Amino acid sequence: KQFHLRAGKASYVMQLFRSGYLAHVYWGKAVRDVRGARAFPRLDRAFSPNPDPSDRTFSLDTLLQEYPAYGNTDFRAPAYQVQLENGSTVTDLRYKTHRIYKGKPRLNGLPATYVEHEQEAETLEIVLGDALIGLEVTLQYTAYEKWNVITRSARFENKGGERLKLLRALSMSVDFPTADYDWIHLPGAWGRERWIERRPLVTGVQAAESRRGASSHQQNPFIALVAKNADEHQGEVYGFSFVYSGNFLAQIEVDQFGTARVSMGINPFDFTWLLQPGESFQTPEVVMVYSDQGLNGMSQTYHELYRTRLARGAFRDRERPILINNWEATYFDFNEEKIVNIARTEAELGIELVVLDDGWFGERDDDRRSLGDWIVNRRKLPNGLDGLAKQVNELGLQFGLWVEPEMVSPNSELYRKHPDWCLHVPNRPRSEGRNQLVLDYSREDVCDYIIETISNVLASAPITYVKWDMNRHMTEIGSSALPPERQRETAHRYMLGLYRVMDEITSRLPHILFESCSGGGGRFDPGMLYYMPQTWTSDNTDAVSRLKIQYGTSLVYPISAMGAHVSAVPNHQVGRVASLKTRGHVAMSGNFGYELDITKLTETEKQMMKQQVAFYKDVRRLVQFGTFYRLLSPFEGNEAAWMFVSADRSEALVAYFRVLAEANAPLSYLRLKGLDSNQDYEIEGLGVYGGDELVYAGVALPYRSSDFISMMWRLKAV
Amino acid sequence: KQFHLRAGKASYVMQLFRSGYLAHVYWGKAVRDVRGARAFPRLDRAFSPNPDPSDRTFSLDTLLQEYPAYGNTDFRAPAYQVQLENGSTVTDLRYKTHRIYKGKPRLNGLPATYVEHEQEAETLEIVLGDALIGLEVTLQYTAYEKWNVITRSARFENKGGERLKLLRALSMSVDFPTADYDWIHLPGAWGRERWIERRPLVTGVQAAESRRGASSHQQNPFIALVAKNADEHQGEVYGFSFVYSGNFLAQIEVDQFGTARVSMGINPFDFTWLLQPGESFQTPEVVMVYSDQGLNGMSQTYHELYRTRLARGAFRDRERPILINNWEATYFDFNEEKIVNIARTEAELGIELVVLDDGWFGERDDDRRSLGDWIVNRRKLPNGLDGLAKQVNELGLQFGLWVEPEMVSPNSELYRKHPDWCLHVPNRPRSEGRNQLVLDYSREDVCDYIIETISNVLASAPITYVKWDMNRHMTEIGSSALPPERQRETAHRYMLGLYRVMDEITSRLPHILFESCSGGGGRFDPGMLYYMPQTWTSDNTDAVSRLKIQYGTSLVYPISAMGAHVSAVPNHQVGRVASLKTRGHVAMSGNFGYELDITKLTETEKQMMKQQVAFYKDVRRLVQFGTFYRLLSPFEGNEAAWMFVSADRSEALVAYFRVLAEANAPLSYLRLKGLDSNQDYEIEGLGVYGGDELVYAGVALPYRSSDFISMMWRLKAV
Amino acid sequence: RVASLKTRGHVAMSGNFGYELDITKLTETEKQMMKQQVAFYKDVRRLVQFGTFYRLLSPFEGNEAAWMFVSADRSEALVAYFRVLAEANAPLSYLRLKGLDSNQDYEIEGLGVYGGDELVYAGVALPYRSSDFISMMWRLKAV
Amino acid sequence: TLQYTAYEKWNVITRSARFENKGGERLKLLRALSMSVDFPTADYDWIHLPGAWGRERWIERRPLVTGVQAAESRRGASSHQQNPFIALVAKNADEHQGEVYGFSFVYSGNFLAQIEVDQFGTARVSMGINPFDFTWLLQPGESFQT
Ligand SMILES: OC[C@H]1NC[C@H](O)[C@@H](O)[C@H]1O
Ligand SMILES: OC[C@H]1NC[C@H](O)[C@@H](O)[C@H]1O
């Protein structure tokens, strides 16, 4: 009774142990069979109790599982936990049946990686069951054909006569036989999202999580087990990516016997879910990627998968527009005149899209009011949104709009009319973040209002771009429309409502490129990527700061989704003075755009913009859709370097960065990756080099002084 | 507005911040005043919401707290969490009043460190309260005068008119300003408890815990923050020790701003506690220790505190008897004839105590029955317990007895008469560990039965020693005598019952030396130490294996409570063959005893035991009550070394161990600690050396081959 | 140090094998094993002395030591494993092999048939064993 | 005459030097190593085989220092103390992957296996007869083969 999933060049093996227990066997490089799946020492482990008292060698505490529970002889953290009406939390899932079908199913009300054809993947559903309480849990396994991708999710269903309160419902849980690994997660904060942190495993519990009702800047919903000697180019890597934009738990547990339990899903903390007889619960999926070619190998798998089989819309395989954003340029202080006046210059520079940011609606001359009142400010925009987009479109420029539909200002017409439409709890002070409150997306009336309001605003003007922002984390989580026994479902219901809101709006407006945002990369997760094919990576627009941020973001998320804008100096977040050349090279290593006041730019800088915009247009397809290789990590020293390679390896773009200048420095060298060794490459403005030479020998770098420098070379085969 | 606790040579500083928020300030080497407690930058941290909408510089997500909560502008792991009847988990504790009184209070139904005089310590009780729900929480702080010890615990009380469910109630929580620390905890298993694990802190969550209803072999209730360069002899160390013997959580959380939140208490997982209007809840205490003298400085503080102000009874300050246990010798196969037969030789060897282990009651020929039926098996002991004890005393030996009152075998008269007295949940298979079930000590009838039955047994014979054992971990945790809304209180109510049971039994029998046990050091925690002054360290009685175990154990617990027996070879746990000299030297480094078959020994071996016993008696006071220094760690190399120093530093005992011998080895050297540098010492059997010479230069060790060697020297001042 | 004759044999078979001890002081049991040791090494002498050598576990990095000898055509293999200090209640041990044809299944003498790709990518569970200074040696033959 | 030999089936480069005095005066070789090579970078670890009698050739992995590191023998024999072999390995190189550069001396007497890292991050690896306590005299017409 053995299940075998073949995903790309990888294998995921499961087994039915004894009387209907689902046991984990193997995950790694693909094998034909695991003959020694049951050929392991059956040991009597002291203080590991037995479901069958007669056999001391069997214990759920010492069994590698796929969906473990606590209570019946397992003392490790469970994948799920259900509390009965009698108060007990003991459950017992046994194998009932299974089914295998080509393709990949949709998740109910949740984002998920998909397929366009049946042959692209195969799905294994393992139906477990607890007969005493009628609890049915279906484990959804999907294996992609071309990629090393295994996705996992669980669907609960109450087929009993009693009420079941889910205390914990993680998306997956896998027990590794050994624990001699490091682990990489992506901690951070606002202005510095997703720093790569590598740590050795401890004997106990390690976890990255979010209690902020969002994926957050503090911890990105992604963890990975790496081999001790694994680097960017080689070694075994196991990735764990959560397709969900709310609260999450990403945990690794090492027990007494050197096994490592990796579990991931909706954070159990402050979370419950009542299941009446007949009701069901669907968990979001976790994308699990294996690679024996280091972090680059893993990331590239994620890059292709998320860009072609997660992101949607007409702009999925489309080159993204080079836009100009007015946020850092003017903030709230702007008008229709100043925007139209500068639009002439922008079109001459090669800019393709003008994006009107926060401050167009209500009385938004600051960030303390007007949220929820999505009506055009006539004092600032006399001709309205349609009039502005009109004057912009005739100059060959596209128009874009900024919205934060999940938020409501206390000082707004919406909050005066609907004070109960926000997240709150009875008789408690309503705490504010950036002087605003969170709308109750758990409610059907609130969601329907937003869906109708926003859809009309975006259709009231020839708009082809929308920036969806959110600048607050949930506090006083609760809903008036929910009974006391369902109050802890509020956070997830909010995220479900949000997913419902975005799905309907984006459907009504297919001609609109949506870009998710949240004080920068506060929601840079696979969930948001499903609804909006790109994200504002970080509010930190500093060239040097972006080195770490974009490097870490690229570990999981594709470049096509990684928004990067050239800003002004001294930087508004750090005060650093870097050359326009290096700012461009950094931003051209992502989804390229601008965000600065052109009126304050010198004629030399204005000229460099024209050159930059023209340059990125020649490499836009290469940067956004090509294979991405990281070379030098800014987390490991004074340098940063990466490169983009085409599918046929005929073209390539290389970027190099050095932050702090060294007097009388040693000669610098750079070794490349992903090029065809059996072919020569011309490095534009540097000469012809061998493909084998650039990878095995490397290339001498120009000697340069000055802080914060950058180099870009276009590589073409001969 | 600043609370200042002065514990020994250390300071613990707190302050009231704004509208009655209790904030942490400083903990480390003693200072007169922290004048810069408020002189820190007030920043607007993005996505960190504000209790005061006008002031973005204030947030509970950025405040160093003493007992933080989740829900109102704090996104880090809370010290507690309460669910109201309306379903909300938002609470808001503010300052009310505080009291300061000499001495130290007892904790209701809980073990705690104590004082014999008011002058020995002061106690600060800060009263916090949530006006809306009528919740009063009293934070209990106690600072000792001579030791660097701050103890913390909390007391809840529902003064409102509604029910309150404590989802989480940790004993303490503290926010360090920085997070540049390593952390040490004590993971392990049966036969290898408390291995010292040093790990760097991760940005996120690291934790050591227990979900087994016992402090467990797997994770000892102790974590510590140490400086990056702190070792055994120098550097800042922050110890956290849980005075509790059940489920626990010991967590460290590093946030986005590099602050470290250390929290410890009853494990929130699978735990709730309902508080009816008028009801209360007292948490166990956490003993917090600071030292700048490294790990030795921390341990020695714990040693004096736990030995003299936690352990109780008439044997607290008394030298512990050199006993002999028969468990490894005969196991279950013994009789009255065999015991008094060998007891003649045991008396002549100098042994002071004969301990009768498992197998004396009911029909214990196996570990499959009789647990619960605590009557003497007349088949094995025809003259009963009274008869066997008298034949022992007449040979000049004390008599001891083994019990496991917390358990019940399905095959027993107790279970057939009371099958609902065990821990169980409705309609679920009753899992067995070592073919036994756990008794429901949450019930008054069960406890009352045990208190009466055990007291009568131990009074039916001249017994002066008791080995209290437990060989299973709780599964299917539930009580038939509890309402469904209190089922998750079972695990803690069990521990309360056990404490009550142990407290009354040891009170009826003040003349009996009680030693706790749990398949070894399964519950070697401060909680158990309060009721029983010593503990069986590990079932692993291998001299080399005991090096790591006893080394790790001494980090927190005093040598006086660290049981160590000399066993036979090849060892029963690892099959290792070490010399009797070595096994003696390892065991004499703790509470010395024997546990092997004497009849199977040779003539030259019995003469060594006679010398070992005599030698230990001469240094028993020094070993059990002297100052302990770790010199060489078996976790860091092939060697292990430590020493005992008298209070006036005039007498010392040095132990050295070398596991694997290397051919043509470099010369070995050993530097000592805690000696008077201004005084010479005579190493017995080596010569006269200077105190400064032994500490600063060291002593050249004699070269010798073979594996598993040991050296022991007595040091006397001239 | 006192180590068993079996492990002493297994270590010496991992090189140019020979003997250097007083045979007259050996017990009957020890001389029997010695005869089997000589016969066994003769079967794998060409493999050990002229085959491809792979190191698996380093005794400079941990409590273990492991290596294997692979023939030129990768149809034969001799795997040796060593564990020095025994730990009580030890975690399960595993050993991943190297230098085998992943497309072929291999027969481990005594145990059974394992996949070449399995032996390299997944590894094989080792028997739990007590006592210090233990050794295990398996002959591998392509199916 | 610098002698270089490259094998076909193996990644083996062998090196040796041959001195010859074709002048009128006599020359004194104070040092005559078999080879020397300057690596452009020096971000490597190095492995040598130190030991003693009864424990020869233990593996020792160490990071490179900016300066001089060397294994050598002054015992008139290759010795148990230091085996005539050193290697430059990549920082992430192990038993199964990574770039390694082995240097093996085909000589049984005194040796010097030295790695020097200069002010500009270059690594000079040289190996040959130990210069210490060693000289060689070349009269006009005489030769010395390393
Ligand atoms: O308030 C507007 C501001 N919010 C945060 C976003 O990330 C910025 O780009 C900008 O849109
Ligand atoms: O079964 C008895 C056994 N239980 C476990 C203890 O640790 C042993 O010493 C012995 O008392």
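As the structure lists them, so they are numbered: ligands from 1, and atoms in each ligand from 1. Letters A, B, ... are given to chains in the order of the sequence lines, protein chains preceding strands, and every chain is numbered from 1.
The ring-ring contact (aromatic ring centres under 6.0 Å, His included) search around B/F592 returns B/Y594, B/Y616, not counting sequence neighbours. Not a single salt bridge (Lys or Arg N to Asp or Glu O under 4.0 Å) links A/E346 to another residue, sequence neighbours left out. Scanning for salt bridge (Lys or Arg N to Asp or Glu O under 4.0 Å) contacts around A/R576 gives A/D542, with sequence neighbours left out.
Under the side chain to side chain contact (heavy atoms under 4.5 Å, CB included) test applied with A/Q436, the options A/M470, A/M407, A/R368 reduce to a single match, A/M407.
Among protein residues, B/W327, B/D357, B/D358, B/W402, B/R434, B/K467, B/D469, B/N471, B/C517, B/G519, B/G520, B/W536, B/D539 come within 4.0 Å of ligand 2, judged on heavy atoms.
The aromatic rings of B/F361 and B/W402 sit parallel to each other, their planes meeting at less than 30°, with 60° as the upper class boundary. Using cut-offs of 30° and 60° for the angle between ring planes, the A/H217 and A/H473 rings count as tilted.
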